[PDB]
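Remarks on the overall topology
Here's the letter readout for the chains.
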Amino acid sequence: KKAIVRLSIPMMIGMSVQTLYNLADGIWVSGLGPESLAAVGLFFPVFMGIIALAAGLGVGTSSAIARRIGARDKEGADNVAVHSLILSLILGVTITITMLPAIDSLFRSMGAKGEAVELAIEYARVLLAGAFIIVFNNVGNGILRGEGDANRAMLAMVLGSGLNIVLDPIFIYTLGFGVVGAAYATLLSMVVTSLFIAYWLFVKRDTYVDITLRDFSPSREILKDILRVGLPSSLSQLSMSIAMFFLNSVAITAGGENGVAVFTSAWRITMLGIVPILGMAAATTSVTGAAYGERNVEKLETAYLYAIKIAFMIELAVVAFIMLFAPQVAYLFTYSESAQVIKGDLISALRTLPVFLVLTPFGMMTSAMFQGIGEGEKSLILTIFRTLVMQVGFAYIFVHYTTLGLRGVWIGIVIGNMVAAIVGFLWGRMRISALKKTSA
């Protein structure tokens, strides 16, 4: 019950990062060349957008199952499980029918030409055809988290992403499939994950949720119970996916296809920099919310200001590590002769892009404080305002109205994130003083 409650609760006891599919797909494909590395990079926003809707649908399922198991309603929990699986079928089918005829015009809309589009279409149509496998893994994970089997669902996700790291160089180079082999390795890895999930959902004994069609009564209330929790969650990741789509377009006008290869490589490396501070963000919500339940604003401010000071020191080490060891980190994407043309530009991006990570704790821990005091809507507004308005806005300005070129893209993302981190932190200071004045 002090400042030690932040360190004693921010342990990060395992996490869920499905982007390691994209990071492993990027490292193993970059050996073929920048045209291939840019091809998978053009589809990462779409792959991330499908994850957003799917993982959001599973989040709403976990909430509806947990409160129905806690309310001692067995058939209600079984009914929610059947409803979410039908929604995953409708969602998986809709994405396949919609995105297949529109994926060509989507890549070509953002100025992507050359062979990078043809390689992206090959890589996209395979993953889009297996979109049901992707949505089932997220909704199936949601059902396991709702009934308490969150540990077993965590192993299936780690097994899939880890198996894709091994299966990537086999399908791409050994079997000679090339860029489309990375899509096969992702599809094959998630089917193995789907088999584990389906085992604990249908075959394993002594599960509190029995997915049987005898309890399926189509209730319109269950539909909005899943969407009430899922849609706000998916809207956060969906905002990031849309931003990466337009940031890929800005990178094309700034440096062509090699600009996307450099961007999609440094962006995946920079997104790993916020991983050490993720545990402090989830811990800040738990501590500030506990202090808000006690209505102790003094402990509330001390908790979330201490999380910023610790996360700032951690991010200083992350920024210093990436700037110092940039040519070693960039070797993960430039380990072949064909990839040497982007070696110099990738090292320059790794010493300019991760600069905004030092101000991220000021904005991320404030949004975590908002979610603890029941004002999670403000946390969703800040992320949409950061990724869409500020990231894409400044990057667009530094490219069309300055001569910085590729470096204009990185400076825009840094300034765009810092400006959003300041106004978000200032919004928290405004809200903290509003709660302090709530004394009479």
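Residues numbered from 1 in each chain as written, not as in the entry; some residues may be left out. Heavy atoms only, no water. Residues with missing side-chain atoms left out of burial classes, pairs and counts.

Inclusion rule: UniProt positions are given in the numbering used here, feature names are shortened, and annotations may be inferred rather than shown by experiment.
As named in the PDB entry, the protein is Putative MOP flippase, taken from Pyrococcus furiosus DSM 3638. As recorded in the PDB, the entry bears the title "Inward-facing conformation of a multidrug resistance MATE family transporter of the MOP superfamily". Its UniProt record gives the protein a comment under Subcellular location (unreviewed entry), which states: "Cell membrane".

**Focus: the packing of aromatic side chains**
The test is simple: Working definition: a ring pair exists when centres of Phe, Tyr or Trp rings (six-membered ring for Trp) sit within 6.5 Å. Plane angles under 30 degrees give stacked, over 60 give edge-to-face, the rest tilted. Going along the chain from the N terminus, every DSSP run of H or I of four or more residues is numbered as a helix, and every run of E of two or more is numbered as a strand. Accessibility here uses a 1.4 Å probe with only protein chains present; expressed as a share of the type maximum, an area under 20% marks a residue as buried, one over 50% as exposed, and anything in between as partly exposed. In this scheme, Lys NZ or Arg CZ marks a charge over a ring once it lies within 6 Å of the ring centre and within 35 degrees of the ring normal.
This model, assessed by the stated rule, comprises 17 aromatic pairs. Here the aromatic rings of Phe263 and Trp267 are separated by 5.9 Å at their centres, their planes lie at 20°, and the arrangement is stacked. Placement of both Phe263 and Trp267 in helix α10 (residues 257–271) is noted, with a separation of 4 residues, approximately one turn of the helix. Overall, the relative accessible area of 0% leaves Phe263 in the buried class. Given a relative accessible area of 5%, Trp267 falls into the buried group. By the ring-pair criterion, three or more aromatic residues cluster together here, those being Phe263, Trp267, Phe356 and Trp410. Directly above the aromatic system of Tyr292 lies the positively charged group of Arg295, at a separation of 4.6 Å from the ring centroid.

**So, the environment of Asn417**
Rule in force here: Contacts between residues were defined by any pair of non-hydrogen atoms, one from each residue, lying within 4.5 Å. Two N or O atoms count as a polar contact when they lie within 3.5 Å, although within protein this holds only if one can serve as hydrogen donor and the other as acceptor, and sequence-adjacent residues are included solely when both atoms are side-chain atoms.
With respect to the element layout, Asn417 can be found in helix α17 (residues 406–436). In this structure the C-alpha to C-alpha distance between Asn417 and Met369, which are 48 residues apart in sequence, comes to 19 Å. Among all residues touching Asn417, those that are not within four sequence positions of it are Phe356, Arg386 and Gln391. A distance of 2.6 Å separates a polar side-chain atom of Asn417 from the backbone oxygen of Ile413.

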